[PDB]
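Colleague: Dumping the structure here so I can ask a few things about it.
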Number of protein chains: 2
Amino acid sequence: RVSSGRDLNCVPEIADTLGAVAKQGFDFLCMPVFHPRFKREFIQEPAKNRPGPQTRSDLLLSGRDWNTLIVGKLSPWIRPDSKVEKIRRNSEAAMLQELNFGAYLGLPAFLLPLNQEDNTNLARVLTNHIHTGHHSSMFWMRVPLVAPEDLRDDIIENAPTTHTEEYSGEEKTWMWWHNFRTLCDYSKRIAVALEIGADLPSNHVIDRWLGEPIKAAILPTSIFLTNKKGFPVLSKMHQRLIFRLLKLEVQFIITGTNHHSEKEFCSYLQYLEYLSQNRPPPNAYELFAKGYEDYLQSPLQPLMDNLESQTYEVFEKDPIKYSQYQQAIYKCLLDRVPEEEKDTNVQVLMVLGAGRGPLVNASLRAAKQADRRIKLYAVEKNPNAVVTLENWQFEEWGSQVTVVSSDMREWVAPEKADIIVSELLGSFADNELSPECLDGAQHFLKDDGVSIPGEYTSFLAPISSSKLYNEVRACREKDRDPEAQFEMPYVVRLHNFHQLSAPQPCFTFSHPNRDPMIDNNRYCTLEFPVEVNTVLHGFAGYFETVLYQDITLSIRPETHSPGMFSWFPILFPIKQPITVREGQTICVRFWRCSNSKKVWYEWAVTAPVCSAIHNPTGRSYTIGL
Amino acid sequence: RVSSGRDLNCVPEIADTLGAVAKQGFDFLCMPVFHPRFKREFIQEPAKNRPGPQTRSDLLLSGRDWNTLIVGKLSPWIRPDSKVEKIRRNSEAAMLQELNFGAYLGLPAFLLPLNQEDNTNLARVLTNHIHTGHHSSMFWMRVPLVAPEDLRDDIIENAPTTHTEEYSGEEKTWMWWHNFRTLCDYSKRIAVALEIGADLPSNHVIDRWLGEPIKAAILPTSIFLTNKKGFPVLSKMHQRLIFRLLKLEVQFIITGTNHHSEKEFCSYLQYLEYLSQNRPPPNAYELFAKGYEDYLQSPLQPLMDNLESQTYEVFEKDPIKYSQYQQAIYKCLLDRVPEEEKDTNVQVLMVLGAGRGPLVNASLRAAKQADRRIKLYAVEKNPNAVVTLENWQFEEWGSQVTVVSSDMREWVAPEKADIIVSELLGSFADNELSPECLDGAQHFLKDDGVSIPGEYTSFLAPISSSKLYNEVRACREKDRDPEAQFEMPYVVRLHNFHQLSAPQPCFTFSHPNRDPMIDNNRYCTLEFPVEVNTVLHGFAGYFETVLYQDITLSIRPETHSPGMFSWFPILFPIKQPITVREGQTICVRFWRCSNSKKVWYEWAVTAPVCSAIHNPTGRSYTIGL
Ligand SMILES: O=C(NCc1ccc(F)cc1)[C@@H]1c2ccccc2C(=O)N1Cc1cc2ncccc2[nH]1
Ligand SMILES: O=C(NCc1ccc(F)cc1)[C@@H]1c2ccccc2C(=O)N1Cc1cc2ncccc2[nH]1
Ligand SMILES: CSC[C@H]1O[C@@H](n2cnc3c(N)ncnc32)[C@H](O)[C@@H]1O
Ligand SMILES: CSC[C@H]1O[C@@H](n2cnc3c(N)ncnc32)[C@H](O)[C@@H]1O
């Protein structure tokens, strides 16, 4: 169930070593390419002219074995950031040699340590290697939760351990990582191998690593406790961490000797498997969403575009949503028609944007459970969907449903409606121009008429995700602005990220709109209190909607409708990441803009530092009217 | 074994129709989306306001069934290129409607006819649809081998059939296709469904379709003969055509009613299967190459780049090549050392570019079968490969082989060689700078010394491939010249192409070179007699090499070494396709250019029309010294 590897720094026979590792259930082996102690000279004679082979032969394994089962390791003597110029130059040449041999073998990954603050020259050499030749090999930066200096024993008489709470100082290993990857310009080839220590740090120090590209989690054998049976186990503190890591789907590496000598080495792995099986199983959301983690998708535009059959199909596959619509209409019918007027009053319902007719069906179910009379119109502009409606209407519905093939903003209604029902909401509520459409359909609502939904609100929350930032970056395309990808929202199941502050309401719309000169343009300033250090990369967007009274739908995490999986979150990126210190406020500004042809969003960060205004005049992103 | 479909123009029940088609062994079904006779008005009242559903519901099949099993068809009444303005405008609206419904359903393909010369407005509407929304749906242009007017029966009294040999006129259906796809600007979404007739045309008319994107081959039931048993079969003429088509891996569509009424409809398909099984099986080349058909790859540069382990691995997997090297060295040893000097004379061999040591081994085998003494040097610049050599040398070879880790152009030899052996040849012979390397290694050859290979020649041949042209086109990348992809060669297993003329020698090199001021720059003019009409898209490159005397290696099709699969052909594209009439000569000019840092090729067509000079100053492509 869980993908696991073995870290060794001693391999006397490469073929024999693998066999043992494989027999114990491990999937891969982290090991050296050159002997860790085999220090090499490249400048000074005579040692530079050392004869013989420099390492093992590539022939000792199959190409496939190298490609899938071996993870390389930089030699421990290689120190590119040494103060001694000789050691620097030698380590440079050695690092390139080892990396080049890694590429030669076609290794899937290669481990490099981050065990100090200054890794500038290390970064400079790695970046040079990445921009030389072609390879898909990953680089896993071995970085500890807690620096070695900060988890040493307090056994030096004239050098006591820091017994002071240093909030920023305890987060120092993240800053080592942050600086390294910034120097390397967020290479997608560079990821984290997070080394877990005996004493876990404070919670903030761990939360630091949320939204970071963690590919591996190194577990020393030393951190394992022993149970009554006499086999390796972990603390409740470490258990919760592994449970969190299992959600990120990282690969667990075991390092160090067998301290549980009486038992096998598989026992360590068996415990991780034990934890893997013993977790809360995926709900309807997590089961279905499984696969779309941090996958960027363009926001749907049902007005501008005609949605395909299989786009409507997946919408209809959300029974929670339509049961809510059914219940909303059911309640509205009872409120509008009393018991004494049950069979005198026929309510005129109008589904505005009927699609393949999930609402029409719900409107029929609602009227039947309420026991009230209704007259349905099914307005739909998409002519491909109208084919479905009319086939259904002829076969099933009948003359009670009048299928209209038109734009709701154009349609000349032969009758005014008591209720209008619509499903024109996206991930950011008004991102499908629901305001504009329902404003133009407002005229054929009765003066006392109802709209379902009656209200909707969009929410924003600042996020830190070096993964998602790096994902957006990669959406650069030919023949357009080099930074257009940062000035447009994305529908994405947010997974590897950190929500820096609680969501706050951005834009609200009420239907029917009774404010003279109905203006759908908006400008909203939000101040987000941040209680951690972090790197803002964008803003997660959510929404809530009031269908009728107490019947609502929501994708806001704290009020999320349970089971519903129709709407994924939206993401508004920023061009450049922004540093945020603990105590500082992130201040974002959001505009909703429009002309006669388009609607779009602009946005800007104003605190703690200013960003550029994103998407001015909808240059990078517009929503078609 | 063979992928087959069924063409119907009558589907009374879509669910029932599929079942029957599936039961007969067909993989998919070509069928209408709207009723073929259901003509629709879009302008004039009252018929434009026709009520009811316009076609069947998308719900009648599953999303997956639409996506994999159904191929759409344009309605027969739709004529976008009609002379009547009303019919034009109506057919425009109808064509878009049908295409849009195709996309809605998510059909993998959609058939449109090319049954006349002028399909300009048809092309204009299709191109508009392709550049609207997003879809991966293919468009199969139904185009006959022989136009309907040219295979009609000679039964009109006052209108006799053309009994004149019209070379250009018999190729008219290709010109219909050519014009259509040119208007549509070689869209990768547009392909050919080639309709086979009762009477096949002349051979030239068929050869016309070589190098065209044929995705389907439509076979009417009418073209099938009947055997003694009373079951459908084809002529020997059609058999050879199907055998040719099976190499292209097209999908065979059966159209028309069952003329073999007494038998099942599966019999037609069973015959295609019968042919599929009864073909010449793939040789060592075609077996291994299977997968790389028309796949563009960058030419390897072993000098500039250090080749990976698995790149050397695949080279070593060609036993025919090294057996030839073994035999070449074997012969040279016998010529250089007489029988009386068997154990007095030790020949100094030097493998220049030893890799992981396939030649060294061959040199050992050669000396053993010859029974002569040798002293080996193994010069190799790639330090990753030198690791393999030294491990081998310590374990197996010993002190007889002296592994040198150096550039051959730099290495100061402690002894002059009797033989130098090299493997520095690419697909175009000198494309790996074998001349430059062996020139710089020439000094440590004895005055009477031998080089293996002693000579090599490159060959060129003009080709027509709308597939390969369209493939190169797609290699456009960000942040470089928009047409850089056309000014660089590609290693490609040429499959869907047409060789327009016989290969001719381009560049030749001899080693050792004894011409004063050894200049490796070249300029070659080639005139290729073309005996067909066609569209030149580039130049296939091959090579031959003389290892010693009569021992050779070759990838030139007519003298190809049997079994050898180390070198694929090279392709030099041109920016713009060039029309060539039958009888005209294609005149190409090739330069080999260099400075102190780089070597590159430039090329230009001068007849029948001029092209631009490709790759001036190696702007788009250089080979690193
Ligand atoms: O967020 C989304 N769905 C989440 C999802 C869940 C499971 C799965 F397998 C794939 C995707 C869709 C969507 C999908 C793909 C690409 C874009 C989008 C998008 O803007 N959505 C929001 C959305 C749903 C919807 N329903 C009706 C009317 C308007 C609507 N607007
Ligand atoms: O043409 C080529 N090989 C054909 C091939 C066959 C089977 C297969 F599965 C994949 C590829 C290689 C090649 C492969 C890939 C990408 C580029 C090339 C290329 O320039 N080649 C020519 C070549 C072979 C070679 N051997 C030794 C010294 C110099 C050499 N130069
Ligand atoms: C169920 S997703 C929203 C649906 O409403 C439809 N729709 C959106 N805008 C309009 C409009 N202005 N008039 C009619 N239908 C619309 C879309 O085509 C889609 O079927
Ligand atoms: C077998 S592919 C050609 C081999 O020759 C090697 N080679 C190419 N040019 C030189 C050179 N100038 N000196 C030494 N080896 C070379 C390459 O590194 C490769 O291993």
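We place every Cβ from the backbone using ideal geometry, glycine too, and count neighbours over all the protein chains shown. All of this is worked out from the model, or read from it or from the source named; these are not laboratory values.
Colleague: Consider the range B:265-313. How many of its residues are within 14 Å of chain A (Cβ to nearest Cβ) and closer than 25 Å to B:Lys467 by Cα?
Modeller: Total satisfying the criteria: 4.
Colleague: The conditions are (1) of a type in the set (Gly, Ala, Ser); (2) more than 16 Å from ligand 2 (Cβ to nearest atom); (3) buried (at least 22 other Cβ atoms within 10 Å of the Cβ), and B:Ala328 fails exactly one of them. Which is it?
Modeller: (2)
Colleague: Something else about it: Which of the following residues is more than 11 Å from ligand 3 (Cβ to nearest atom), within 30 Å of A:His498 (Cα to Cα) and either in contact with a strand residue (DSSP E or B) (Cβ under 7 Å, 6 or more places away or on another chain) or of a type outside the set (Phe, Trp, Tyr) (or both): A:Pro435, A:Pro462?
Modeller: A:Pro462
Colleague: Only residues that are within 37 Å of the chain's Cα centre (by Cα) and either in a loop (DSSP other than H, G, I, E, B) or within 14 Å of chain A (Cβ to nearest Cβ) (or both): list them for the range B:71-80, please.
Modeller: Hits for the range B:71-80 are B:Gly72, B:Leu74, B:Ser75, B:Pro76, B:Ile78, B:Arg79, B:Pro80.
Colleague: Same structure again: Can you name every one of the strands (runs of 3 or more DSSP E) wholly within the range A:341-419 that holds 1 or more residues which are more than 14 Å from chain B (Cβ to nearest Cβ)?
Modeller: The qualifying strands (runs of 3 or more DSSP E) are A:346-352, A:373-380.
Colleague: Has the range A:385-401 got any residue that is over 20 Å from A:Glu308 (Cα atoms), in contact with an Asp or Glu (Cβ under 9 Å, 6 or more places away or on another chain) and surrounded by fewer than 19 Cβ atoms within 10 Å (Cβ to Cβ)?
Modeller: no
Colleague: Evaluate the range A:59-70: report whether one residue or more is among the hydroxyl-bearing types (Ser, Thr, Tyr), assigned by CATH to the domain that holds A:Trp140, under 19 Å from A:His135 (Cβ atoms) and in a helix (DSSP H, G or I).
Modeller: Yes, the conditions are met somewhere in the range A:59-70.
Colleague: Next question. Quick one: which helices (runs of 4 or more DSSP H) lie wholly within the range A:115-209 and hold at least 1 residues that are of a type outside the set (A, V, I, L, M) and under 26 Å from A:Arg88 (Cα atoms)?
Modeller: Filter on the range A:115-209 gives A:120-130, A:172-183.
Colleague: Tell me, please, whether a residue that is within 14 Å of another protein chain (Cβ to nearest Cβ), among the hydrophobic types (A, V, I, L, M, F, W, C) and outside any strand (DSSP E or B) can be found in the range A:81-92.
Modeller: No; the residues of the range A:81-92 include none that is within 14 Å of another protein chain (Cβ to nearest Cβ), among the hydrophobic types (A, V, I, L, M, F, W, C) and outside any strand (DSSP E or B).
Colleague: What pairs can you find where one residue is in the range B:268-292 and not assigned by CATH to the domain that holds B:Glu249, the other is charged (D, E, K, R), and their Cβ atoms are less than 6 Å apart, with a gap of 6+ or different chains?
Modeller: Cβ pairs passing all conditions: none.
So that you can scan it fast, the table gives a plain yes or no per residue for (1) free of Cβ contacts under 8 Å to residues at least 12 places away in the same chain; (2) crowded, with 21+ Cβ neighbours inside 10 Å; (3) farther than 19 Å from B:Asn533 by Cα:
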site: B:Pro113; (1), (2), (3): no, no, yes
site: B:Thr120; (1), (2), (3): no, no, yes
site: B:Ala123; (1), (2), (3): no, yes, yes
site: B:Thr132; (1), (2), (3): yes, no, yes
site: B:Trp140; (1), (2), (3): no, yes, yes
site: B:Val143; (1), (2), (3): no, yes, no
site: B:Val146; (1), (2), (3): no, no, no
site: B:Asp185; (1), (2), (3): no, no, yes
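Colleague: Still on this structure: Looking only at the range A:17-44, how many residues end up being under 35 Å from the mean Cα position of the chain (by Cα) and loosely packed, with under 15 Cβ neighbours inside 10 Å?
Modeller: 1
Colleague: Pairs under 9 Å by beta carbon, first residue within 12 Å of chain B (Cβ to nearest Cβ) in the range A:44-59, partner exposed (fewer than 12 other Cβ atoms within 10 Å of the Cβ), six or more apart or different chains?
Modeller: So the pair list comes out as A:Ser57/B:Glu395.
Colleague: Considering only the range A:298-334, state which residues are assigned to a loop (DSSP other than H, G, I, E, B) and either more than 12 Å from ligand 1 (Cβ to nearest atom) or more than 20 Å from A:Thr545 (Cβ to Cβ) (or both).
Modeller: A:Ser298, A:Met304, A:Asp305, A:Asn306, A:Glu308, listed by residue number.
Colleague: Among the residues that make up the range A:471-489, is at least one of them within 16 Å of ligand 3 (Cβ to nearest atom), in contact with a strand residue (DSSP E or B) (Cβ under 9 Å, 6 or more places away or on another chain) and either away from chain B (no Cβ under 14 Å) or among the acidic types (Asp, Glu) (or both)?
Modeller: Checking the range A:471-489: not a single residue is within 16 Å of ligand 3 (Cβ to nearest atom), in contact with a strand residue (DSSP E or B) (Cβ under 9 Å, 6 or more places away or on another chain) and either away from chain B (no Cβ under 14 Å) or among the acidic types (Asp, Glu) (or both).
Colleague: If you don't mind, there's one more thing I want to ask. Can you spot a residue in the range A:402-417 that is within 16 Å of ligand 1 (Cβ to nearest atom) and within 26 Å of A:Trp567 (Cα to Cα)?
Modeller: yes
Colleague: Hey, another quick one. When you check A:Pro76 against the structure, is it surrounded by fewer than 18 Cβ atoms within 10 Å (Cβ to Cβ) and touching a strand residue (DSSP E or B) at 6+ places or on another chain (Cβ under 9 Å), yes or no?
Modeller: In short, yes.
Colleague: Specify the residue that is nearest to ligand 4 (Cβ to nearest atom); the eligible residues are those in the range B:302-320 that are over 16 Å from B:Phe288 (Cβ atoms) and polar (S, T, N, Q).
Modeller: Top of the filtered list is B:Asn306.
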